Structure formats: C-alpha cells, structure tokens
C-alpha cells in the first residue's frame, strides 16, 4: 500500500497548511478530500502534541490510523468520513475550549482515539436491528445491551492487538489499563440509552459546577464531550445538516426495507412509507441535540456559538417543514405518482 508509504516517509504536515480555518468551529471537515484525512489525523495529534507527550512511534501510529480507516464500511452515514468529522470536532474542542483546564492529558488523548474508533465496522443498522434480525452481534452482546457500541470497542481492541498497530504498547501497565478503560467507557457513551441514563447526573454536574478534583465529573464530562462530537454535524451550517439528514435517513430506510423483507414491522423512523423527516429532525434537535449543547455551554461559556447554531438549524426545520406537503403539481407536472 502506497498510502502507508506516503504517511510514513513524507513527514507530518503542519495543521495550518490543511486550511486557514481548520481549527475553527465554522470549518466543515467533510470538505477535506477523503485521501487527505489520514494525514490530517497525524497533523491534529501532532498539533495537540500527543505524539511527543506520549512518545508515540510514528510508523505504528501511521499503521494504526490506516487500520482504523479501513475498519469502516461504506453505509450512507456511518462511514470513515463520519469518524473523521467526529475526531475533527474533538480537536476543535481541544483548540477552542481549553480542555486541559478540565481533563487530564491522557483523558483527552483517549477521547480523540475513541472518536476515531467509535463506530468501527458499523453496517448501517442500529442496536434493535441486531436483536430483531438475530445477528451474530446480538448473540455475542444483546444480554449486556449497547450491541453495536460493544462491537465498536471490540474492533478497536482487535486493531490494537494487530501486529505493528499497538500505539500504546510502551505505556506503563497502569496507563495501558487506563487507556483501554477510557476507550471502553467513552465508546459505550455513544449509545443514546447510555446518554439518557446519565442525563440527570450531567444536569447535576452543570448545576453544582465542574469540580476538577472529582473523578466522577471527569468521567461524566468525557461522556458529554463524546456525544457532542458524535452529533457535531448539527453545529455546522444548514447545508451540512441537510446533507447529513439525507445520509442518515437513506441509511435508516435501507434498514427498514431489510426488516420488512424479514417479515418485521420497522419503527416509524426506519419506515420510508411512514417516517415524516421534519417532525423526526425537530424532535431530535429540540429534545436530544439542543440539551447536550446547552449543557456544553453551561460548562464552557465559549461553547455558546455551538448551541446557537444547533438552535438556528432547529428553527430552519420549522421554516422548511411546509415543503414536505405537495402544493400545486410536482416538478414534472405529473400526477402519475398517484
């Protein structure tokens, strides 16, 4: 593979050379060509100075990065570009929110690596599908819940344990353990069921105020930051959120079609004959995404622009909802669709 050759021998490019706006909340990482993303991951790790901080072997890191990228499939939304954009948001939080005042370096490093790995081997199907379709993943994990998230973590472990890919193998036995426990907790935090379970604890933390000496506050904050990274497409301009909604519903409806094919009745949001996209997106933005970015703003006043963009995008869904009702004739002037 020549992609590895270049990552290894060309040198780690400075982040500023990628784009003048690369470290800004206005930057859209999906604009970066996919062939430049692995070098961008090295550039971000170097700019956060984790390579020198942790004495990471650059050939091992290059192999690890390429293995993680190869570990993603190509469903419409849950692909490497999603993992890359999530990792890029983690980097933006580091650069704009001064995370070093709240978390340990090892926790921030674990959060970034978790962002890269958090949807490994996603097939475009959700946790409920695994159980309903009686998949091997359900057989392995259904009794413990968070089926896909347990699989994503297991895939990350399998990559670390691949010859020449263990970026942490020189860590002390305490730090190596710490890193795996952090990756496990952070990846499991991407299940909506987990976020709903900890939501009251997040509210309590934001209410009492963050305590850097409280180990449970560090853990809760990492969960909040991970979910803020995972939903970060919603903090970009309208155009980005509109295209990402297209990708998500294409993926969801392909799942619903598989379910109908197996004789199952899919949930309304996975059924292309029932799902009403503006109501579903408004519910997601108002009840799930906005409270996450509002908690982020409560803890970090500099995150106010993120919450304001999510609120602005939520308002835009109300503004264009009327377009889902066909007034007049369709574009082709035909009633053939009837």
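If you superpose the two forms and keep the largest set of C-alpha atoms that fall within 1.5 Å, you have the rigid core. Residue numbers count along the first chain shown, from 1.
- Take 207-215 and 118-126, fit the other structures onto the shown form by the rigid core, and average the C-alpha distances in 9 other deposited structures of this protein: the farther stretch is 118-126.
- The segment moving more, judged by mean Cα distance from this form in 9 other deposited structures of this protein after a core overlay, is 273-281 among 44-52 and 273-281.
- Taking the mean C-alpha B-factor of each stretch as recorded, 200-208 and 116-124 are not equal, and the higher mean is that of 200-208.
- Between 39-47 and 299-307, the higher mean Cα B-factor belongs to 299-307.
- Set against one another, the Cα B-factors of 135, 146, 234, 228 in the record reach their highest point at 135.
- In the PDB entry, the Cα temperature factor peaks, among 87, 255, 190, 101, at 101.
- Split the chain's modelled residues into thirds by C-alpha temperature factor. Residue 280 is in the lowest one.
- Ranked by C-alpha B-factor against the other modelled residues of its chain, residue 30 falls in the highest third.
- Ranked by C-alpha B-factor against the other modelled residues of its chain, residue 72 falls in the lowest third.
- The PDB entry assigns residue 221 a C-alpha temperature factor belonging to the lowest third of its chain's modelled residues.
- Sorting the modelled residues of the chain by their CA temperature factor places residue 184 in the lowest third.
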